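K.L.:
Generate coordinates for the sequence data below:
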Amino acid sequence: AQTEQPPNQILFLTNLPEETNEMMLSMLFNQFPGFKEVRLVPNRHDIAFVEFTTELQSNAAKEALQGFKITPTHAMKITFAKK
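P.N.:
Numbering: from 1, shown residues only. Sure, the structure comes next:
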């Protein structure tokens, strides 16, 4: 289940395509100069995690891609993950 926090350098993502892949989210988020990596769930794909350098750049990427259609019916939900 999703949660929220003050800004954190790791994000949890939901409402993704049932076919999302590491390459897709890397291609999307690596545009921001704070990206590090992603972790799909290669048995669901409709949720993922994304990892960044700094909490502020993570927040900027969240603001930028919340509601982003990865595909026409899969508006990327984004939430702060925890560590």
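K.L.:
How about the contacts made by residue 53?
P.N.:
9, 34, 35, 36 (Cβ atoms under 8 Å, 6 or more residues apart in numbering). Just so you know, the C-beta spots here come from the backbone N, C-alpha and C atoms, and that holds for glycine as well.
K.L.:
again with residue 71
P.N.:
Residue 71 is in contact with residue 17, counting by Cβ under 8 Å, 6+ apart.
K.L.:
Would you list the phi and psi of it?
P.N.:
The phi and psi torsions at residue 71 (degrees, to the nearest 10) take the values phi -130, psi 160.
K.L.:
Likewise for residue 37?
P.N.:
Torsion angles, degrees, to the nearest 10, at residue 37: phi -170, psi 180.
K.L.:
which stretches of the chain form helices?
P.N.:
22-29, 55-65 (DSSP state H).
K.L.:
Now the last one - C-alpha only, CSV.
P.N.:
These are the backbone C-alpha positions of helix 55-65, laid out as CSV (Å, rounded to 0.1, in the frame of the first residue of the first chain):
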residue,chain,number,x,y,z
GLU,A,55,15.4,14.2,-1.7
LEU,A,56,14.8,17.6,-3.4
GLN,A,57,15.5,16.2,-6.9
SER,A,58,13.3,13.3,-6.1
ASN,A,59,10.5,15.8,-5.2
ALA,A,60,11.1,17.7,-8.4
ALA,A,61,10.8,14.5,-10.4
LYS,A,62,7.6,13.6,-8.4
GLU,A,63,6.1,17.0,-9.3
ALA,A,64,7.2,16.5,-12.9
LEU,A,65,5.8,13.0,-13.5
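K.L.:
Can you give me the buried ones in that helix?
P.N.:
Buried residues in helix 55-65, defined by neighbour count with 16 or more other Cβ atoms under 10 Å: 55, 57, 58, 59, 60, 61, 62, 65.
K.L.:
next one: stretch 38-56
P.N.:
In stretch 38-56, counting by 16+ other Cβ under 10 Å, buried: 38, 40, 45, 48, 50, 51, 52, 55.
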